[PDB]
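Visitor: One structure coming up, written as structure tokens, with questions to follow.
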2 protein chains.
Amino acid sequence: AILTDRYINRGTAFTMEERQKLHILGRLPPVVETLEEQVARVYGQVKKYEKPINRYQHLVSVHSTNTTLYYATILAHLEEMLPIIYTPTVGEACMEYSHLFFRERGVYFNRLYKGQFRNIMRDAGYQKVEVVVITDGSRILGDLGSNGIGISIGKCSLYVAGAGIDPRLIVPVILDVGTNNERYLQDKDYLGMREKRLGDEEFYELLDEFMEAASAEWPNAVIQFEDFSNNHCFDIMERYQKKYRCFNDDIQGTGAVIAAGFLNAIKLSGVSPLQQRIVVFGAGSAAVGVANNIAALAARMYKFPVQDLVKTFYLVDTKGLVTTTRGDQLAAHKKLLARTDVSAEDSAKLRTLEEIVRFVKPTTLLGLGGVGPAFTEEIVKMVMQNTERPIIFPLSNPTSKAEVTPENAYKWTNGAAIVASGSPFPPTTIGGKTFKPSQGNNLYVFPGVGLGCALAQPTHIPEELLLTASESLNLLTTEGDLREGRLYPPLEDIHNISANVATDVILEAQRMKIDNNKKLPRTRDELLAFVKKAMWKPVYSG
Amino acid sequence: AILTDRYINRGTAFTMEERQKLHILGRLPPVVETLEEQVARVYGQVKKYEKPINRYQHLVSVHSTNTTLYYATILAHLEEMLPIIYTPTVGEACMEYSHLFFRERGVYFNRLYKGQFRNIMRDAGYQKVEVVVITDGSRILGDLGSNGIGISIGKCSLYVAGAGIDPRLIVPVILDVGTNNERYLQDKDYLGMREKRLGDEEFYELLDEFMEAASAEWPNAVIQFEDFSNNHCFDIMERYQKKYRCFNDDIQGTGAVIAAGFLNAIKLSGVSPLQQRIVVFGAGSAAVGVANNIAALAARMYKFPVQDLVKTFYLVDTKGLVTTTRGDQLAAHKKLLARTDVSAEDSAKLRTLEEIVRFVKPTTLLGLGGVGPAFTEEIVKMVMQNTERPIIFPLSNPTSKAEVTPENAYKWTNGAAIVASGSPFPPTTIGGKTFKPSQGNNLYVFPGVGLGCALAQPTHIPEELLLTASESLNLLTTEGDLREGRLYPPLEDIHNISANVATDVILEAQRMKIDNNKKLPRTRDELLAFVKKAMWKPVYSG
Ligand SMILES: O=C(Nc1cc(S(=O)(=O)Nc2ccc(OC(F)F)cc2)ccc1Cl)c1cc(F)cc(F)c1
Ligand SMILES: O=C(Nc1cc(S(=O)(=O)Nc2ccc(OC(F)F)cc2)ccc1Cl)c1cc(F)cc(F)c1
């Protein structure tokens, strides 16, 4: 009842006198370790596996035995563990090794349970739930169906590690509305709904029931949508954003993190926000959302007219530079960033990225294209003609889909390029000077939004709370971090980052009078201190 | 409290109506499987791992979630799983991956706990314990120290699978008396007693305390010694055999299994027991013990004078044929099987195995040598001169240390060789006729001895109970099994084998009046039926 409770079990960290007092003497080998020592031991155990999937499999077993030791190990090696415990290992574990998620507490919904969603939640037996991560396995970018539960599980664990959401107060959810994965539909071992994905009407009937049931049974929870397909993810936020406490990390988290890093890149370049000429390579709804979040943040931090900031952006879709004179009927999201200042004759000659870069003379390249390595040596050399400090953000993943490697960006600019990446890269050394890209990891924002929304209990999560989290992250990058060319505070300091982000999100909910928790301080120093004490810490407490 | 109890959890085998009644609807994906279906699914999950250690790691996770499903999967694929869940994977898991044993209920003794052994056992909180497996990690043949707990864990699991010892009524024990493994003594992550192995006096002080404490606190238990070094294993049985309910599977189990197979090989050869000329290649205490167990069994089943059976054996040590005229002072165990009928002049010319085989004209080669492939093509061709059906038992392991491969034995004899192995081998086909060696697996005997000693509660385990188990195993090989060239009943029928072995061991304890359980039937048909009902079965019961 001590050893077998993964929440209170300490394993070898039980002193000899504790083992005696708890009648577990002789249930453990005789060595007594501190948590630090146990973490070093577990880290060496992880590294005796070569494959990410087998390292994850080891970490699952640690979590099942000693939950405190699992979270202490992740926090001590966060940069290295992140790719094992979430993207991209988690999706490979869901797709081929879904059994690794079987022992993790989760909630499974489908049409068979229509009208029982509320009863199912009550029966799950949680106390004051703070965070719920829901997916349908459809994927923001391999349809996983029911096996998407592993995405919710991995994401919930990042709230616990990143912001000290208590691990008892977070719920991973799969809404199984079927799967278009043909292998799964024929697989004898697929345990989900063995049918193609429901149409929109039935999809919203079940997701409406989910939202309404959760708001009744888990009224203190933030509902975070994860890894929903583009046919639904934007429409879900339009349907629920005002009615329920909810956000989508893929859309809103991404834009908040990228905007924060990008404004710090502007500060380092010397080329001020109204002097930037920004090629946005990629014109999907998400890419335009990131551009708009950049504009919104620059407007908040600097009070430039947002219209003037919109005119710094040159949007490139699969046809070429998006302009009002190009001759096609533009998708709604592309109209706002369409150039009005380019002639029909010029638009016809602005198709290839190299000729667009030659014409626009950009100072920034934002890679949101999800195509090849489009930022060629020739394109980077042209940007060097327009600024002493090119900003180059190859943000498409996987690393193969990325517009340019940080190493190539630094080599071709002889260390001038200011780079943020979607993925971790090793440092690059040029002439004895070391350069390393700043990783725009989503972990910078969602945990702090979760912890802030958990504490403040806002009626909903308006765009003002995401913009505040974005600004808070930008302002955590110290003069020193900036002097060393970092665009973000260090990932390893995620607890301090989360507490600061949460504090600023709470102060914004307080300014809008949407906060329902009147116990919280209303001044930043006292609130920050209160938020730090509220966080769950992977240390042996009792 | 249902899902999280690995003893009552059924996972997807909970029907929709059970899930509703137990308030776990939505804690599982929607598919409902039978146990057979769950087993087929788990089997495919095992086989998506290439390495034995990662297959074992998967099976550990199954055992932690759904104990019934773990044991059902092992029994459905026993031949294939045995090398993963015990020798040789288990020793590799102990040596390099000891963390795979951390979550398994076990008891850890060392000198730090002197005089507290009884209190430690009471505190472990077991009910009417039936089987205890103890090791010191010294190895019958890489010193594992404390990591030897994994050997006890693996062996206990074979009692549960093989004889339906209830998994709640078995205890794995490590007596940590230190380690001479120099890597471990320097390893920061070794959790055991970081000192060289205790001398004999302190070793017996602690092992005496263990035996006396267990006999008081676990009075219904059989104590089985596993994987003790040769400096101690024989002396332990001399010290405890009459005083406590105990046996050593390496010594006594091996001899019982090999004797049973060997007598069936004699039946198939037509060359009757007094006409056999047996080369025993290898003259350690164990090898001589196997020869003596063969003699004892032939004397019991056929009432030949044991002296006449002893004269069928030609013992070969590292010097050559063991004889009274050779000129050396023979070790005690070698004297009994020493030839009296070979001259000093002949002994001097009986050194190499090829010249010994040429002189002795044996009909059997027993490989207990632990050296190379000593049974050469030339030696096998000579045995073909002496019998139409050579008996060739390459019993040394690993498979590299074996005296000859079954394939070579069958090829060189053109399918005449009668072969038993220490390890599983694929079938060999010669001229459209298929041959496959009979594996002398220890699983044939120890589980049935454990189940018989659990039921009968004998005051001790005299050699008569092992000889009875040996005979019982021999007699389970059906006329049909024999017509197909099998020396043992099929491994997959281990439950029936264990119930028969246990029944015969109980009837022998009853004949000697050492049985303490007066509830048992005293006639074979009624007792066999009673023993089958007593066994734990990996099926969903409630
Ligand atoms: O706490 C237990 N054992 C233990 C823990 C530790 S530890 O907690 O100090 N480290 C540890 C842990 C699990 C891990 O993961 C993967 F290997 F099991 C990795 C490291 C070390 C050594 C032992 Cl024997 C324990 C828990 C039970 F529920 C039942 C039981 F029988 C034992
Ligand atoms: O029973 C649980 N889950 C489950 C079981 C099964 S199963 O029992 O039918 N098969 C199964 C099992 C474990 C395995 O091993 C290795 F993968 F976990 C392999 C197969 C299938 C699918 C699910 Cl979600 C469960 C148990 C808990 F203690 C907590 C919890 F949240 C869920």
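Naming scheme: A, B, ... for chains in displayed order of the structure tokens; residues 1 onward per chain; ligands 1 onward as shown.
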What are the residues of chain A that have an atom within 9 Å of an atom of chain B, counting only C-alpha atoms, as number ranges by chain?

Guide: A: 3-4, 12, 23-32, 37-38, 40-41, 44-45, 48, 54, 57-58, 61, 64-65, 96-97, 99-100, 102-103, 105-110, 112-113, 117, 119-121, 123-124, 146, 176, 188-193

Visitor: Name the residues of stretch 92-126 of chain B that fall into helix (DSSP H, G or I) according to DSSP on the backbone, using the chain letters and numbers of this document, as a PyMOL selection string.

Guide: chain B and resi 92-96+98-101+111-113+117-123

Visitor: Can you pull out the residues contacting residue B:355? Cut-off 12 Å, using only C-alpha atoms, and skip same-chain residues under 2 positions away; I want them as a compact mmCIF listing (two decimals) with N, CA, C and O atoms, in the first residue's frame.

Guide:
# COMPACT_ATOMS: atom_id res chain seq x y z
N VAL B 316 34.39 -40.12 -17.68
CA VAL B 316 35.54 -39.44 -18.34
C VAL B 316 35.69 -38.07 -17.69
O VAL B 316 34.77 -37.22 -17.79
N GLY B 320 40.99 -38.38 -18.47
CA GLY B 320 40.63 -39.53 -19.30
C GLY B 320 39.64 -40.43 -18.58
O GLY B 320 38.86 -39.91 -17.66
N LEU B 321 39.61 -41.69 -18.99
CA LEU B 321 38.68 -42.69 -18.42
C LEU B 321 39.08 -42.78 -16.95
O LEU B 321 40.27 -42.90 -16.67
N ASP B 346 46.30 -50.24 -19.96
CA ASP B 346 45.18 -49.71 -20.78
C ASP B 346 44.83 -48.30 -20.32
O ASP B 346 44.60 -47.44 -21.23
N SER B 347 44.76 -48.02 -19.01
CA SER B 347 44.37 -46.69 -18.49
C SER B 347 45.27 -45.60 -19.10
O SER B 347 44.71 -44.57 -19.47
N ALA B 348 46.58 -45.88 -19.24
CA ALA B 348 47.59 -44.93 -19.78
C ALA B 348 47.25 -44.58 -21.22
O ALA B 348 47.70 -43.54 -21.72
N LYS B 349 46.52 -45.45 -21.91
CA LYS B 349 46.17 -45.25 -23.34
C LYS B 349 44.69 -44.89 -23.49
O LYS B 349 44.16 -45.13 -24.58
N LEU B 350 44.08 -44.33 -22.45
CA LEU B 350 42.63 -44.02 -22.43
C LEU B 350 42.44 -42.60 -21.91
O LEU B 350 41.93 -42.41 -20.76
N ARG B 351 42.95 -41.66 -22.71
CA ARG B 351 43.08 -40.23 -22.34
C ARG B 351 42.19 -39.37 -23.23
O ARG B 351 41.44 -38.57 -22.67
N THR B 352 42.25 -39.54 -24.54
CA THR B 352 41.46 -38.72 -25.48
C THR B 352 40.09 -39.38 -25.61
O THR B 352 39.97 -40.61 -25.45
N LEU B 353 39.07 -38.57 -25.87
CA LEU B 353 37.70 -39.14 -25.97
C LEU B 353 37.64 -40.10 -27.16
O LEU B 353 37.09 -41.19 -27.00
N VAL B 357 36.38 -43.94 -26.61
CA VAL B 357 35.20 -44.46 -27.36
C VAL B 357 35.64 -45.70 -28.15
O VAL B 357 34.93 -46.71 -28.13
N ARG B 358 36.84 -45.70 -28.75
CA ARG B 358 37.29 -46.87 -29.56
C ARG B 358 37.43 -48.11 -28.66
O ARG B 358 37.02 -49.18 -29.08
N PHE B 359 37.91 -47.94 -27.44
CA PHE B 359 38.16 -49.02 -26.46
C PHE B 359 36.86 -49.50 -25.77
O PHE B 359 36.59 -50.69 -25.70
N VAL B 360 36.07 -48.58 -25.26
CA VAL B 360 34.84 -48.90 -24.46
C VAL B 360 33.72 -49.44 -25.37
O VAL B 360 32.95 -50.29 -24.90
N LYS B 361 33.66 -49.04 -26.64
CA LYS B 361 32.56 -49.43 -27.58
C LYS B 361 31.21 -49.08 -26.93
O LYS B 361 30.35 -49.93 -26.74
N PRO B 362 31.00 -47.80 -26.60
CA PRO B 362 29.75 -47.39 -25.94
C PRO B 362 28.58 -47.40 -26.93
O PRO B 362 28.76 -47.27 -28.13
N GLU B 378 33.65 -38.45 -36.09
CA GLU B 378 34.40 -39.73 -35.97
C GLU B 378 33.86 -40.51 -34.75
O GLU B 378 33.64 -41.72 -34.84
N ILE B 379 33.64 -39.82 -33.64
CA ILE B 379 33.12 -40.49 -32.41
C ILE B 379 31.70 -41.02 -32.64
O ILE B 379 31.40 -42.20 -32.30
N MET B 382 31.74 -44.20 -34.69
CA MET B 382 32.18 -45.36 -33.87
C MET B 382 31.01 -45.92 -33.03
O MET B 382 30.78 -47.15 -32.98

Visitor: Could you list, as number ranges by chain, every residue within 12 Å of residue B:160, counting only C-alpha atoms and ignoring same-chain residues fewer than 3 positions away?

Guide: B: 67-68, 70-72, 74-75, 130-132, 153-157, 163-171, 443, 446-448, 450-451, 494-495, 498, 535-538

Visitor: Between atom CA of residue B:364 and atom CA of residue B:274, what is the spacing in Å?

Guide: 12.3 Å

Visitor: Could you pull the residues within 8 Å of residue A:502, counting only C-alpha atoms, minus those fewer than 2 positions along the same chain, as a VMD selection string?

Guide: chain A and resid 448 to 453 469 498 to 500 504 to 506 531

Visitor: Next, the residues of the selection above should be written as a short mmCIF file (atom, residue, chain, number, x, y, z; two decimals), in the first residue's frame with C-alpha atoms.

Guide:
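The resulting part_17.cif:
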data_model
loop_
_atom_site.label_atom_id
_atom_site.label_comp_id
_atom_site.auth_asym_id
_atom_site.auth_seq_id
_atom_site.Cartn_x
_atom_site.Cartn_y
_atom_site.Cartn_z
CA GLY A 448 1.47 28.55 -18.01
CA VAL A 449 -1.91 29.11 -19.73
CA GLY A 450 -3.18 25.90 -18.01
CA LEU A 451 -1.83 26.92 -14.59
CA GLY A 452 -3.16 30.54 -14.97
CA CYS A 453 -6.65 29.34 -16.15
CA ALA A 469 1.16 34.80 -22.39
CA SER A 498 5.24 28.80 -16.31
CA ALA A 499 4.75 30.68 -13.00
CA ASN A 500 5.47 34.08 -14.77
CA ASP A 504 0.44 37.52 -16.28
CA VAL A 505 -2.53 35.50 -17.68
CA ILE A 506 -4.25 35.79 -14.22
CA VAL A 531 1.50 30.89 -8.09
#

Visitor: Write out as a PyMOL selection string which residues come within 10 Å of residue B:278 when counting only C-alpha atoms, dropping same-chain ones fewer than 3 positions away.

Guide: chain B and resi 273+275+281+291+310-315+357+360-366+391-392

Visitor: At a cut-off of 12 Å, using only C-alpha atoms, what residues contact residue A:468? Leave out same-chain residues fewer than 6 positions from it and give the result as an MDAnalysis selection string.

Guide: chainID A and resid 252:253 256:257 259:260 293 296:298 300:301 445 448:449 452 461:462 474:475 500:509 511

Visitor: I'd like to know which residues of stretch 275-516 of chain B are strand (DSSP E) (by DSSP, run on the backbone); could you write them as a PyMOL selection string?

Guide: chain B and resi 278-281+313-317+320-321+364-367+391-394+418-421+428-430+433-435+438-439

Visitor: Quote the spacing between atom CA of residue A:46 and atom CA of residue A:150 in Å to one decimal place.

Guide: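 So the two atoms, atom CA of residue A:46 and atom CA of residue A:150, lie 19.9 Å apart.
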
Visitor: As an exercise, work out the distance from atom CA of residue B:243 to atom CA of residue B:530 in Å and give it to one decimal place.

Guide: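 Computed distance, atom CA of residue B:243 to atom CA of residue B:530, equals 28.5 Å.
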
Visitor: Could you check the closest approach to ligand 1 for each of B:268, B:93, B:332, B:1 and tell me which residue wins, using only C-alpha atoms and all ligand atoms?

Guide: B:93
